[PDB]
Amino acid sequence: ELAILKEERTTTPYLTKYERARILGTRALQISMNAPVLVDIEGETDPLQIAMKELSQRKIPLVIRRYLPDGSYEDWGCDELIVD
Amino acid sequence: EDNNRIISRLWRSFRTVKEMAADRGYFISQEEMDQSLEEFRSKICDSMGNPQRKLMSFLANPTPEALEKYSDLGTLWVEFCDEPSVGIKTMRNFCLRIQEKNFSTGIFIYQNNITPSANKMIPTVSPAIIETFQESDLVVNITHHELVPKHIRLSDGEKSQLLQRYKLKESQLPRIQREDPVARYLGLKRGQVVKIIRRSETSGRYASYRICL
Amino acid sequence: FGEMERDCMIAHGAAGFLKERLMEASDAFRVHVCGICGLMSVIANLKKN
Amino acid sequence: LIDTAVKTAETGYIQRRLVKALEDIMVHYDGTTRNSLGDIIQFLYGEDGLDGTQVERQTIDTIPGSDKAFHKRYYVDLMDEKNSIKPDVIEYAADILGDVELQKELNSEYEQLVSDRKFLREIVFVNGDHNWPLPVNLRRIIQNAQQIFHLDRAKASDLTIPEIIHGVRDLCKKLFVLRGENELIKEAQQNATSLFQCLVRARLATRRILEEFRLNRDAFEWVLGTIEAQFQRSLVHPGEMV
Ligand SMILES: [Zn+2]
């Protein structure tokens, strides 16, 4: 109802630090309770290391929903936000 | 002697009144604005060297551009009062004088004070708008001062566009008060948004809006 | 955990750390409330559901 | 010891009043700095969108100096031999003296710089203090471009002037603080960055590129890209309890 389509999105396309933080945290929390990991698991076992290793090669499947001030929002995929 | 200082005060007041009548959108020819002092002493003072306020009133018609951009603008009537402590008497007859020609806005400059019982005689002149000012106030034009930036009143639509760009309601803007010298210099009413263009030393030119009440 | 440290953990922005420090690591509690009146005066019983 | 015993608690309570007064002012996803319920406090945060840890004191070359020295620094005249670009710094120095096509460009650019001179000198910095905080350290990028590409010497350049003027002119408009295509957003995008455009136009003018920095082509492109990247990295972050 209040959403904005995929041509009228006008928020900045850069992954901010808070967003990065919550992505790493939540993805690590999922990797811990036995969830499918989507890279080549090798010489690191800490879940945060694995989450950052995924964020480097862009494989994280989540949706940012940025709430605009008055009540609308926008939906960005975590694999098109330009990771700095 | 003491004559020239009074004459100078009245002169500066009249000039400020004209510039105020010029920034609000009306039309004043340059023969009237660039009046020097010998014309003032020769055309206002009696042979005694003393003023006649009833020879300083005038009418003002709007320009075409201001008529197009701002639609609700009639004519302007400017009359300096005569009596010193303006009571009920001059206020009532003045109200009749505005209710006679059916003009839209009048300026009743007083001298020292206005009585409150006559200060109730302002919502009795509708649909016109009577706006009072003291004389000792308008000796200095507050707009040539350093600090005060430019204030530009907006039209009807542009306001709607501004409320669409930010997705707002008219109550969620920085406000200005109805009695605030640069808010009656332009003659504001409840619901009109003035635009301000302030200087800034981090980006040079910063445009900031402000609403009235 | 004074108010000033709260102000600092607001200055950093870690909202989850604050929601933790002021809940789990202190005093969590559960209340059954109604939806018409809106008061904590619900008489509840669990093993009988 | 008595005064020390007195003032500290006073200052503490003062700080408690300040913090309890200012603790709900956020930076929403489009530059507005609204409180808890929408009273736009500042229409654009900090008047420019920048952060606070990212600005550094820099000098704006245009403001100071005399008119004869300013003219000696920025003016270019391709017609007369004595006041043109030196021949031993550019290879193509034989295909130049005479083509008005380009004296047009140079004249327009110099007039623009005069407009910046009068603007910044008259309206904003009245006293003329030419040292103010701004983002993106230009000189470090310059000498980095010199080190990485060995560009020292003793050699003539190969850079064409239309790539210079059209390079800077096509750069100054890719610096985005507010996005969208409504007219208000475009004007706000114009005003939000004016001092910085006066800085870039103040530094990278032609003689101060082919007669003092002596860049070539690859390094020039690398530099423009670097400026864009850093300026895009040095913005405020929506969600910042300022
Ligand atoms: Zn109930």
# chains A, B, ... in the order shown; residues from 1 in each chain; ligands from 1
call {"tool": "residues_around", "arguments": {"residues": "residue 10 in chain C", "least_positions_apart": "6", "cutoff": "12 Å", "atoms": "only C-alpha atoms", "output": "PyMOL selection string"}}
result
(chain C and resi 3-4+16-19) or (chain D and resi 19+22-26+239-242)
call {"tool": "write_last_selection", "arguments": {"atoms": "C-alpha atoms", "output": "mmCIF file, in the first residue's frame"}}
result
data_model
loop_
_atom_site.group_PDB
_atom_site.id
_atom_site.type_symbol
_atom_site.label_atom_id
_atom_site.label_comp_id
_atom_site.auth_asym_id
_atom_site.auth_seq_id
_atom_site.Cartn_x
_atom_site.Cartn_y
_atom_site.Cartn_z
ATOM 1 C CA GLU C 3 21.905 7.264 32.921
ATOM 2 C CA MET C 4 25.130 8.697 31.498
ATOM 3 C CA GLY C 16 20.377 -4.235 20.778
ATOM 4 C CA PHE C 17 23.073 -4.015 23.443
ATOM 5 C CA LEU C 18 20.914 -1.542 25.377
ATOM 6 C CA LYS C 19 17.759 -3.651 24.988
ATOM 7 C CA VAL D 19 21.576 15.915 27.231
ATOM 8 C CA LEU D 22 18.729 16.981 23.077
ATOM 9 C CA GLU D 23 18.226 13.202 22.886
ATOM 10 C CA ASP D 24 15.701 12.402 20.151
ATOM 11 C CA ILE D 25 16.992 14.333 17.153
ATOM 12 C CA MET D 26 17.723 11.878 14.347
ATOM 13 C CA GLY D 239 20.491 6.781 11.806
ATOM 14 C CA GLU D 240 22.880 9.022 13.729
ATOM 15 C CA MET D 241 21.716 10.511 17.040
ATOM 16 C CA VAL D 242 23.516 13.812 16.534
#
call {"tool": "residues_near_ligand", "arguments": {"ligand": "ligand 1", "cutoff": "12 Å", "atoms": "only C-alpha atoms and all ligand atoms", "output": "PDB file with N, CA, C and O atoms, in the first residue's frame"}}
result
ATOM      1  N   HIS C  32       0.218 -10.950  30.883  1.00  0.00           N
ATOM      2  CA  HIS C  32      -0.909 -11.181  29.992  1.00  0.00           C
ATOM      3  C   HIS C  32      -1.912 -10.043  30.138  1.00  0.00           C
ATOM      4  O   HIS C  32      -2.447  -9.816  31.227  1.00  0.00           O
ATOM      5  N   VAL C  33      -2.167  -9.334  29.037  1.00  0.00           N
ATOM      6  CA  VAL C  33      -3.059  -8.181  29.027  1.00  0.00           C
ATOM      7  C   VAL C  33      -4.187  -8.419  28.031  1.00  0.00           C
ATOM      8  O   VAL C  33      -4.059  -9.188  27.074  1.00  0.00           O
ATOM      9  N   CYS C  34      -5.301  -7.726  28.259  1.00  0.00           N
ATOM     10  CA  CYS C  34      -6.475  -7.817  27.399  1.00  0.00           C
ATOM     11  C   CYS C  34      -6.330  -6.865  26.218  1.00  0.00           C
ATOM     12  O   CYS C  34      -5.343  -6.130  26.124  1.00  0.00           O
ATOM     13  N   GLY C  35      -7.316  -6.878  25.323  1.00  0.00           N
ATOM     14  CA  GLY C  35      -7.256  -6.049  24.131  1.00  0.00           C
ATOM     15  C   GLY C  35      -8.411  -5.085  23.967  1.00  0.00           C
ATOM     16  O   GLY C  35      -8.396  -4.287  23.025  1.00  0.00           O
ATOM     17  N   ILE C  36      -9.409  -5.142  24.847  1.00  0.00           N
ATOM     18  CA  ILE C  36     -10.529  -4.210  24.795  1.00  0.00           C
ATOM     19  C   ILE C  36     -10.323  -3.139  25.858  1.00  0.00           C
ATOM     20  O   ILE C  36     -10.214  -1.950  25.542  1.00  0.00           O
ATOM     21  N   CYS C  37     -10.263  -3.556  27.121  1.00  0.00           N
ATOM     22  CA  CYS C  37      -9.988  -2.647  28.225  1.00  0.00           C
ATOM     23  C   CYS C  37      -8.557  -2.135  28.232  1.00  0.00           C
ATOM     24  O   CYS C  37      -8.350  -0.924  28.363  1.00  0.00           O
ATOM     25  N   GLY C  38      -7.569  -3.015  28.094  1.00  0.00           N
ATOM     26  CA  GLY C  38      -6.185  -2.590  28.062  1.00  0.00           C
ATOM     27  C   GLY C  38      -5.511  -2.494  29.409  1.00  0.00           C
ATOM     28  O   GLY C  38      -4.735  -1.559  29.628  1.00  0.00           O
ATOM     29  N   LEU C  39      -5.777  -3.427  30.314  1.00  0.00           N
ATOM     30  CA  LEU C  39      -5.164  -3.416  31.632  1.00  0.00           C
ATOM     31  C   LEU C  39      -4.498  -4.756  31.924  1.00  0.00           C
ATOM     32  O   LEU C  39      -4.830  -5.786  31.335  1.00  0.00           O
ATOM     33  N   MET C  40      -3.549  -4.727  32.858  1.00  0.00           N
ATOM     34  CA  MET C  40      -2.824  -5.923  33.286  1.00  0.00           C
ATOM     35  C   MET C  40      -3.621  -6.750  34.281  1.00  0.00           C
ATOM     36  O   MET C  40      -3.042  -7.409  35.149  1.00  0.00           O
ATOM     37  N   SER C  41      -4.949  -6.734  34.184  1.00  0.00           N
ATOM     38  CA  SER C  41      -5.816  -7.405  35.141  1.00  0.00           C
ATOM     39  C   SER C  41      -6.389  -8.711  34.602  1.00  0.00           C
ATOM     40  O   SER C  41      -7.509  -9.085  34.965  1.00  0.00           O
ATOM     41  N   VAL C  42      -5.653  -9.410  33.757  1.00  0.00           N
ATOM     42  CA  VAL C  42      -6.116 -10.668  33.188  1.00  0.00           C
ATOM     43  C   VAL C  42      -5.837 -11.797  34.169  1.00  0.00           C
ATOM     44  O   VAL C  42      -4.722 -11.932  34.688  1.00  0.00           O
ATOM     45  N   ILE C  43      -6.859 -12.605  34.437  1.00  0.00           N
ATOM     46  CA  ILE C  43      -6.739 -13.794  35.272  1.00  0.00           C
ATOM     47  C   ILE C  43      -6.401 -14.952  34.346  1.00  0.00           C
ATOM     48  O   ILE C  43      -7.228 -15.364  33.524  1.00  0.00           O
TER      49      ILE C  43
END
call {"tool": "atom_distance", "arguments": {"atom1": "CA of residue 11 in chain A", "atom2": "CA of residue 29 in chain D"}}
result
6.7 Å
call {"tool": "select_by_dssp", "arguments": {"residues": "range 164-233 of chain D", "states": "helix (DSSP H, G or I)", "output": "ChimeraX atom specification"}}
result
/D:164-171,183-192,195-203,207-210,218-233
call {"tool": "residues_around", "arguments": {"residues": "residue 102 in chain B", "least_positions_apart": "3", "cutoff": "9 Å", "atoms": "only C-alpha atoms", "output": "PyMOL selection string"}}
result
chain B and resi 97-99+127-128
call {"tool": "write_last_selection", "arguments": {"atoms": "N, CA, C and O atoms", "output": "tab-separated table (two decimals), in the first residue's frame"}}
result
chain	number	residue	atom	x	y	z
B	97	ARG	N	-14.32	55.38	6.93
B	97	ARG	CA	-13.66	55.83	5.71
B	97	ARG	C	-13.16	54.65	4.89
B	97	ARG	O	-13.13	54.71	3.65
B	98	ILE	N	-12.77	53.56	5.55
B	98	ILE	CA	-12.38	52.35	4.82
B	98	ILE	C	-13.62	51.59	4.35
B	98	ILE	O	-13.62	50.98	3.27
B	99	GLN	N	-14.69	51.64	5.14
B	99	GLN	CA	-15.92	50.94	4.76
B	99	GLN	C	-16.67	51.70	3.68
B	99	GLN	O	-17.69	51.22	3.17
B	127	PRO	N	-15.06	43.12	5.38
B	127	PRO	CA	-14.02	42.17	4.97
B	127	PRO	C	-12.63	42.77	4.77
B	127	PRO	O	-11.71	42.05	4.37
B	128	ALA	N	-12.48	44.07	5.03
B	128	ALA	CA	-11.19	44.72	4.86
B	128	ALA	C	-10.23	44.31	5.98
B	128	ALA	O	-10.60	43.61	6.92
call {"tool": "residues_around", "arguments": {"residues": "range 148-154 of chain D", "least_positions_apart": "5", "cutoff": "8 Å", "atoms": "only C-alpha atoms", "output": "compact mmCIF listing (two decimals) with C-alpha atoms, in the first residue's frame"}}
result
# COMPACT_ATOMS: atom_id res chain seq x y z
CA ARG D 214 52.58 18.58 -14.63
CA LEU D 215 50.18 15.65 -14.74
CA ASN D 216 49.55 13.56 -17.84
CA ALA D 219 46.95 10.07 -13.52
call {"tool": "closest_atom_pairs", "arguments": {"of": "chain A", "to": "chain B", "cutoff": "12 Å", "atoms": "only C-alpha atoms", "output": "JSON lines"}}
result
{"residue": "A:68", "atom": "CA", "partner": "B:167", "partner_atom": "CA", "distance": 10.2}
{"residue": "A:69", "atom": "CA", "partner": "B:167", "partner_atom": "CA", "distance": 8.8}
{"residue": "A:70", "atom": "CA", "partner": "B:167", "partner_atom": "CA", "distance": 7.1}
{"residue": "A:71", "atom": "CA", "partner": "B:167", "partner_atom": "CA", "distance": 9.9}
{"residue": "A:72", "atom": "CA", "partner": "B:167", "partner_atom": "CA", "distance": 10.4}
call {"tool": "interface_residues", "arguments": {"of": "chain D", "to": "chain A", "cutoff": "8 Å", "atoms": "only C-alpha atoms", "output": "VMD selection string"}}
result
chain D and resid 28 to 30 179 to 180 237 to 239
call {"tool": "closest_atom_pairs", "arguments": {"of": "chain B", "to": "chain D", "cutoff": "8 Å", "atoms": "only C-alpha atoms", "output": "JSON lines"}}
result
{"residue": "B:165", "atom": "CA", "partner": "D:184", "partner_atom": "CA", "distance": 7.7}
{"residue": "B:172", "atom": "CA", "partner": "D:39", "partner_atom": "CA", "distance": 4.8}
{"residue": "B:173", "atom": "CA", "partner": "D:39", "partner_atom": "CA", "distance": 5.8}
{"residue": "B:174", "atom": "CA", "partner": "D:40", "partner_atom": "CA", "distance": 6.9}
{"residue": "B:199", "atom": "CA", "partner": "D:124", "partner_atom": "CA", "distance": 6.8}
{"residue": "B:200", "atom": "CA", "partner": "D:124", "partner_atom": "CA", "distance": 7.4}
{"residue": "B:201", "atom": "CA", "partner": "D:124", "partner_atom": "CA", "distance": 6.9}
{"residue": "B:202", "atom": "CA", "partner": "D:48", "partner_atom": "CA", "distance": 6.7}
{"residue": "B:203", "atom": "CA", "partner": "D:195", "partner_atom": "CA", "distance": 5.4}
{"residue": "B:204", "atom": "CA", "partner": "D:195", "partner_atom": "CA", "distance": 6.1}
{"residue": "B:205", "atom": "CA", "partner": "D:191", "partner_atom": "CA", "distance": 5.7}
{"residue": "B:206", "atom": "CA", "partner": "D:191", "partner_atom": "CA", "distance": 6.5}
{"residue": "B:207", "atom": "CA", "partner": "D:188", "partner_atom": "CA", "distance": 8.0}
{"residue": "B:208", "atom": "CA", "partner": "D:43", "partner_atom": "CA", "distance": 7.0}
call {"tool": "atom_distance", "arguments": {"atom1": "CA of residue 77 in chain B", "atom2": "CA of residue 95 in chain B"}}
result
12.0 Å
call {"tool": "residues_around", "arguments": {"residues": "residue 61 in chain A", "least_positions_apart": "5", "cutoff": "8 Å", "atoms": "only C-alpha atoms", "output": "list in words"}}
result
residues 77, 78 and 79 of chain A
call {"tool": "write_last_selection", "arguments": {"atoms": "N, CA, C and O atoms", "output": "CSV table (one decimal), in the first residue's frame"}}
result
chain,number,residue,atom,x,y,z
A,77,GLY,N,17.6,-5.2,-2.0
A,77,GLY,CA,18.3,-6.5,-1.8
A,77,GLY,C,19.7,-6.3,-1.3
A,77,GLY,O,20.4,-5.3,-1.6
A,78,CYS,N,20.1,-7.2,-0.4
A,78,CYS,CA,21.4,-7.1,0.2
A,78,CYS,C,22.5,-7.4,-0.8
A,78,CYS,O,23.7,-7.3,-0.5
A,79,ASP,N,22.2,-7.8,-2.0
A,79,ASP,CA,23.2,-8.1,-3.0
A,79,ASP,C,23.1,-7.1,-4.1
A,79,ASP,O,23.6,-7.4,-5.2
call {"tool": "select_by_dssp", "arguments": {"residues": "chain B", "states": "strand (DSSP E or B)", "output": "PyMOL selection string"}}
result
chain B and resi 26+45+51+58-60+62+76-80+85-86+105-110+113-114+129-134+151-153+175+193-200+204-211
call {"tool": "residues_around", "arguments": {"residues": "residue 77 in chain D", "least_positions_apart": "2", "cutoff": "10 Å", "atoms": "only C-alpha atoms", "output": "VMD selection string"}}
result
chain D and resid 75 79 to 85 97 103 106 to 107
call {"tool": "write_last_selection", "arguments": {"atoms": "N, CA, C and O atoms", "output": "PDB file, in the first residue's frame"}}
result
ATOM      1  N   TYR D  75      45.202  33.517 -15.842  1.00  0.00           N
ATOM      2  CA  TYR D  75      44.869  33.943 -17.196  1.00  0.00           C
ATOM      3  C   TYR D  75      45.741  33.238 -18.229  1.00  0.00           C
ATOM      4  O   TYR D  75      46.921  32.968 -17.989  1.00  0.00           O
ATOM      5  N   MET D  79      47.096  33.633 -28.239  1.00  0.00           N
ATOM      6  CA  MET D  79      47.498  34.450 -29.380  1.00  0.00           C
ATOM      7  C   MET D  79      48.927  34.963 -29.239  1.00  0.00           C
ATOM      8  O   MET D  79      49.808  34.577 -30.013  1.00  0.00           O
ATOM      9  N   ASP D  80      49.167  35.834 -28.263  1.00  0.00           N
ATOM     10  CA  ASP D  80      50.495  36.398 -28.042  1.00  0.00           C
ATOM     11  C   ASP D  80      51.421  35.306 -27.521  1.00  0.00           C
ATOM     12  O   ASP D  80      51.019  34.480 -26.697  1.00  0.00           O
ATOM     13  N   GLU D  81      52.666  35.302 -28.003  1.00  0.00           N
ATOM     14  CA  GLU D  81      53.601  34.241 -27.637  1.00  0.00           C
ATOM     15  C   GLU D  81      54.027  34.350 -26.179  1.00  0.00           C
ATOM     16  O   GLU D  81      54.127  33.337 -25.475  1.00  0.00           O
ATOM     17  N   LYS D  82      54.284  35.569 -25.709  1.00  0.00           N
ATOM     18  CA  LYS D  82      54.883  35.805 -24.401  1.00  0.00           C
ATOM     19  C   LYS D  82      54.008  35.354 -23.235  1.00  0.00           C
ATOM     20  O   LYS D  82      54.553  34.976 -22.193  1.00  0.00           O
ATOM     21  N   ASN D  83      52.681  35.377 -23.376  1.00  0.00           N
ATOM     22  CA  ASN D  83      51.783  35.060 -22.273  1.00  0.00           C
ATOM     23  C   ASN D  83      50.947  33.814 -22.541  1.00  0.00           C
ATOM     24  O   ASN D  83      49.793  33.740 -22.110  1.00  0.00           O
ATOM     25  N   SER D  84      51.506  32.834 -23.241  1.00  0.00           N
ATOM     26  CA  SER D  84      50.837  31.570 -23.492  1.00  0.00           C
ATOM     27  C   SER D  84      51.467  30.485 -22.621  1.00  0.00           C
ATOM     28  O   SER D  84      52.378  30.744 -21.829  1.00  0.00           O
ATOM     29  N   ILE D  85      50.980  29.257 -22.758  1.00  0.00           N
ATOM     30  CA  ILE D  85      51.567  28.124 -22.054  1.00  0.00           C
ATOM     31  C   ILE D  85      52.946  27.848 -22.636  1.00  0.00           C
ATOM     32  O   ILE D  85      53.165  27.996 -23.845  1.00  0.00           O
ATOM     33  N   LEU D  97      48.726  27.873 -31.365  1.00  0.00           N
ATOM     34  CA  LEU D  97      48.664  29.331 -31.387  1.00  0.00           C
ATOM     35  C   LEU D  97      47.751  29.352 -32.607  1.00  0.00           C
ATOM     36  O   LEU D  97      48.106  28.845 -33.675  1.00  0.00           O
ATOM     37  N   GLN D 103      40.360  29.336 -27.262  1.00  0.00           N
ATOM     38  CA  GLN D 103      40.342  30.616 -26.572  1.00  0.00           C
ATOM     39  C   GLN D 103      38.944  30.977 -26.092  1.00  0.00           C
ATOM     40  O   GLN D 103      38.812  31.632 -25.052  1.00  0.00           O
ATOM     41  N   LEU D 106      38.641  28.906 -22.835  1.00  0.00           N
ATOM     42  CA  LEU D 106      39.471  29.485 -21.783  1.00  0.00           C
ATOM     43  C   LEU D 106      38.902  30.801 -21.269  1.00  0.00           C
ATOM     44  O   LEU D 106      38.890  31.039 -20.053  1.00  0.00           O
ATOM     45  N   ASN D 107      38.428  31.666 -22.171  1.00  0.00           N
ATOM     46  CA  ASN D 107      37.819  32.920 -21.739  1.00  0.00           C
ATOM     47  C   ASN D 107      36.615  32.667 -20.842  1.00  0.00           C
ATOM     48  O   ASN D 107      36.475  33.301 -19.787  1.00  0.00           O
TER      49      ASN D 107
END
call {"tool": "residues_around", "arguments": {"residues": "residue 3 in chain B", "least_positions_apart": "5", "cutoff": "12 Å", "atoms": "only C-alpha atoms", "output": "number ranges by chain"}}
result
B: 8-10, 41, 45, 48-51
